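Notes to accompany the following structure.
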Amino acid sequence: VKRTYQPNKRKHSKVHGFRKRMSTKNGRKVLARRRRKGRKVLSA
Amino acid sequence: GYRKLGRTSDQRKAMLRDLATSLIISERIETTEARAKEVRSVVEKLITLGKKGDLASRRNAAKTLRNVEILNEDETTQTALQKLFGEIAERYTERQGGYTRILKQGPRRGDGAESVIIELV
Amino acid sequence: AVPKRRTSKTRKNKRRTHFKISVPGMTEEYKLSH
Amino acid sequence: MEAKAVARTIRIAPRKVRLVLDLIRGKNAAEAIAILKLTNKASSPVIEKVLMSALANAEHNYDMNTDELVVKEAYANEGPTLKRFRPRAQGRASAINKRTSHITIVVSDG
Amino acid sequence: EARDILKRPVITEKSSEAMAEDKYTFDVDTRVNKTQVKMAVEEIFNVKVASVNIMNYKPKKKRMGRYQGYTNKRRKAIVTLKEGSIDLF
RNA sequence: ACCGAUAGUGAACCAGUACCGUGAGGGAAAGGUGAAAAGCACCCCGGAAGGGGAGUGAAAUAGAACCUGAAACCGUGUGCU
RNA sequence: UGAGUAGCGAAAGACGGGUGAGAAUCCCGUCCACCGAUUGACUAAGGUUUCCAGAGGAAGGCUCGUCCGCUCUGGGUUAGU
Ligand SMILES: [Mg+2]
Ligand SMILES: [Mg+2]
Ligand SMILES: [Mg+2]
Ligand SMILES: [Mg+2]
Ligand SMILES: [Mg+2]
Ligand SMILES: [Mg+2]
Ligand SMILES: [Mg+2]
């Protein structure tokens with residue numbers, strides 16, 4: 001059988017890195033809910 | 001006789017041939033009860049060829065006895081086939097059959113199996 | 001194929017009358033190693 | 001005089017131990033080490049270290065003779081468990097209950 | 001600025017083996033190449049250093065209950081030289 | 001004329017933590033030795049665990065799962081049947 | 001409770017000797033046997049110290065266990081191509 005989540009590292013950061021959250025206003029309201037709730041790991 | 005021992009024909013014919021051989025070398029072994037009531041017979045039919053000693057019995061004393069084990073007793077080398085016709089045959093030249101002896105030790109720890117000794121006499 | 005009821009404390013214990021074990025023999029302590 | 005000894009958090013179920021003890025109660029002492037080591041079970045080698053601690057303290061602490069000295073109370077009682085999991089066919093899972101016992105022996109004279 | 005580059009030696013069964021060929025071992029700061037290292041030893045010790053190799057490591061995992069912490073990081077400097085020697089202890 | 005550890009905050013302790021999800025995002029459990037560490041020197045059984053004596057203490061059936069310690073559930077003994 | 005019940009994940013092992021409180025199951029040795037355009041040998045992704053040596057046996061390993069990819073301790077990735 002074949003299942004989902006065939007990993008990689010180029011594509012886990014070209015889509016969920018820091019610099020893709022900053023280049024897009026709706027991704028800055030992502031960051032600005034994880035600082036306010038208090039999590040030790042912002043999106044990378 | 002007629003015991004199968006949870007082992008199909010091609011397996012039982014090779015388990016009863018290793019028992020007959022390694023016994024002869026050390027003359028004393030430690031097995032479960034069932035198996036030694038079946039080498040009770042295979043090995044008793046195998047000295048009776050060793051008293052003849054003829055050229056034909058050596059040819060049927062090899063179709064069950066096992067491949068040439070290059071023994072090493074005291075400063076020597078033997079075969080299990082030039083020990084069976086030279087040495088056991090000579091100790092036992094004037095008795096009838098019945099040259100084995102079973103002895104009951106206790107059971108085992110893991111599988112709860114009766115353990116017994118078997119030697120020559 | 002599935003229990004319709006609960007098994008009481010008695011019927012559980014009326015059943016184990018025979019669910020015990022047995023004793024070895026006794027030769028003089030020496031084993032019965034025939 | 002009534003000596004005793006207890007074994008604590010011993011890693012066997014009680015329902016498996018209690019089959020051996022019924023063969024040990026209301027009997028002599030040297031008529032018990034024998035019947036124990038001639039019973040193929042796994043309980044037997046731990047009820048055998050637990051008489052011989054109740055017999056080796058009726059000699060150094062309380063001064064009785066091992067000649068006539070019998071068994072008056074032996075029993076097992078439950079203990080704390082240890083919960084574990086076995087996975088099954090679908091994504092479901094299933095319970096496992098690994099159990100313990102405490103063992104207690106009493107040797108008395110008359 | 002030398003005595004902040006290289007810190008302390010490493011004495012092992014390999015570092016003890018290599019002193020039969022005058023190869024000595026140290027533990028270097030990060031942030032540093034192998035050319036900063038070469039003229040460092042050569043001006044503390046006056047040894048006329050020869051060629052040099054280097055490597056890195058990665059965090060390990062110390063843990064002794066309630067202390068699920070990682071550990072610092074290394075950068076070794078397996079150093080070599082022909083003319084002379086240095087006695088450390 | 002507010003709660004007093006299933007309550008009060010999601011969090012009295014390791015808490016936006018472990019754990020679940022590609023991701024956005026979701027969410028826990030868990031407090032108490034004694035006035036004082038004086039935290040059981042020493043002897044005996046055992047490979048060790050654990051228990052029996054001795055000894056500290058006002059009490060160790062207060063011995064680190066340690067304040068009290070109900071019920072379900074599991075057992076040993078026996079006065080009538 | 002159901003209940004000491006269903007189950008214990010495709011497949012050839014047997015004897016002898018040694019260490020140990022303790023061995024069908026660990027270490028050494030013999031014969032037999034199986035896979036074999038693969039149960040062989042190399043590389044990439046991805047995983048991230050699982051690698052090595054002495055120790056250790058409460059838990060984990062679908063049994064046992066003096067053994068282990070598990071638990072303590074110290075150590076191991078070297079480039080002008
Ligand atoms: Mg018998
Ligand atoms: Mg309360
Ligand atoms: Mg108080
Ligand atoms: Mg049955
Ligand atoms: Mg049924
Ligand atoms: Mg081998
Ligand atoms: Mg390894």
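Values in this text are rule-based calculations from the coordinates and carry no lab data. In this analysis, Cβ positions are derived from the backbone assuming ideal geometry, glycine residues included, and neighbour counts consider all displayed protein chains.
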Next on the checklist: I'd like to know if segment B:66-82 contains one or more residues that are within 30 Å of D:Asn40 (Cα to Cα) and away from RNA strand G (no atom under 11 Å from the Cβ).
Outcome noted: no
Checklist entry - Name the helices (runs of 4 or more DSSP H) wholly within segment B:14-121 that hold at least 1 residues that are in contact with a helix residue (DSSP H, G or I) (Cβ under 9 Å, 6 or more places away or on another chain), within 30 Å of D:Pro45 (Cα to Cα) and more than 14 Å from chain C (Cβ to nearest Cβ)? => result B:33-36
Checklist entry - In segment C:15-34, what count of residues is obtained for those that are facing another protein chain (nearest Cβ under 9 Å) and either hydrophobic (A, V, I, L, M, F, W, C) or not in a loop (DSSP other than H, G, I, E, B) (or both)? => result 5
Item to check | Residue that is within 9 Å of RNA strand F (Cβ to nearest atom) and among the aliphatic types (A, V, I, L, M), where the choices are D:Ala89, D:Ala74 | outcome: D:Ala74
Checklist outcome for this item: In the set B:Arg95, B:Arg59, B:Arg109, the lone residue that is surrounded by fewer than 12 Cβ atoms within 10 Å (Cβ to Cβ) and closer than 30 Å to D:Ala42 by Cα is B:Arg109
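Filter segment B:89-121 for residues that are more than 18 Å from B:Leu23 (Cβ to Cβ) and either within 16 Å of RNA strand F (Cβ to nearest atom) or basic (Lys, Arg) (or both) and give the result. Give the steps one after another, and end with the answer.
First pass over segment B:89-121, keeping only residues more than 18 Å from B:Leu23 (Cβ to Cβ): B:90, B:93-96, B:106-114.
Of everything in segment B:89-121, those that are more than 18 Å from B:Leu23 (Cβ to Cβ) and either within 16 Å of RNA strand F (Cβ to nearest atom) or basic (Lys, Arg) (or both) turn out to be B:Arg95, B:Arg108, B:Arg109.
Restrict the check to segment D:47-57 and report whether at least one residue is farther than 17 Å from D:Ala7 by Cα and either among the basic types (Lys, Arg) or surrounded by 13 or more Cβ atoms within 10 Å (Cβ to Cβ) (or both). Break it down into steps so the answer makes sense when it comes.
At the first step, the residues of segment D:47-57 found to be farther than 17 Å from D:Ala7 by Cα are none.
Within segment D:47-57 (the criterion being farther than 17 Å from D:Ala7 by Cα and either among the basic types (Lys, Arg) or surrounded by 13 or more Cβ atoms within 10 Å (Cβ to Cβ) (or both)), the answer is no, since none of the residues qualifies.
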Checklist entry - Do you know which residues across segment D:3-40 are assigned to a loop (DSSP other than H, G, I, E, B) and within 16 Å of ligand 1 (Cβ to nearest atom)? => result D:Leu38, D:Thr39, D:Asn40
Item to check | Selection count, segment D:74-110, where residues are outside any strand (DSSP E or B) and either within 29 Å of D:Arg25 (Cα to Cα) or within 16 Å of ligand 1 (Cβ to nearest atom) (or both) | outcome: 7
